[PDB]
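Worksheet for the structure shown next.
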Amino acid sequence: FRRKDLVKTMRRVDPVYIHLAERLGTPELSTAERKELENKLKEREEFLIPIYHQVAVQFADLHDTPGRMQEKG
Amino acid sequence: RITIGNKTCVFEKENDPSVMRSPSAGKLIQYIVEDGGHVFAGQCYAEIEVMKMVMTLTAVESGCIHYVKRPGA
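In the order they appear, the protein sequences are chains B and A. Using PDB author numbering, the first residue of the first sequence is number 2128, and each one after it goes up by one. Using PDB author numbering, the first residue of the second sequence is number 735, and each one after it goes up by one.
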């Protein structure tokens, strides 16, 4: 669950990053607007790394529970 | 204090911006006080671990602290 996959997760969760990513998907807005959107996306995705990192390790923790050990025997 | 021949010139070592800095490498575990809370000099504001041995962090100046790094870093 390295950074690349973390970003892929953020792509479908964070409303701000979603709004920016959808806006940048519009064809031929303007050069300046695309540059601004790209910088906003970079800043938002970088800013959200530690929180989604904690989420990731929580996700992995759900694999190490005794319920799984009981199901597997 | 720099002496050149028989003349003296004094240079200041910057410590002015009042930014709290980690004295060492390591990992941040948690912060002790609230983001935006007032701290007094000598009060511990953060808990970090290097060496697998925990070391706190005392504030130098009294003021209102805002954190840059998120807990776990």
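Note that CB positions come from ideal geometry on N, CA and C, so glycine has one too.
Check, Outcome
"So with Cβ pairs under 8 Å, would you call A759 (chain A) a contact of chain B?", "no"
"Residues of the segment 2163-2187 of chain B in Cβ contact with chain A at a cutoff of 8 Å, in chain order, please.", "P2177, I2178, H2180 and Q2181"
"Residues of chain B with CB under 8 Å from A780 (chain A), in chain order?", "Chain B residues near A780 (chain A): none, gap ~15 Å exceeds 8 Å."
"I need the boundaries of the beta strand (DSSP E) containing residue 2093 (chain B), first residue and last residue.", "Here chain B comprises residues numbered 2128 to 2200, so residue 2093 (chain B) is not present and cannot be evaluated."
"Cβ atoms of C743 (chain A) and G770 (chain A): under 8 Å apart, would you say?", "no"
"Answer with buried or exposed for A775 (chain A), where buried requires no fewer than 16 other C-beta atoms within 10 angstroms of its C-beta.", "exposed"
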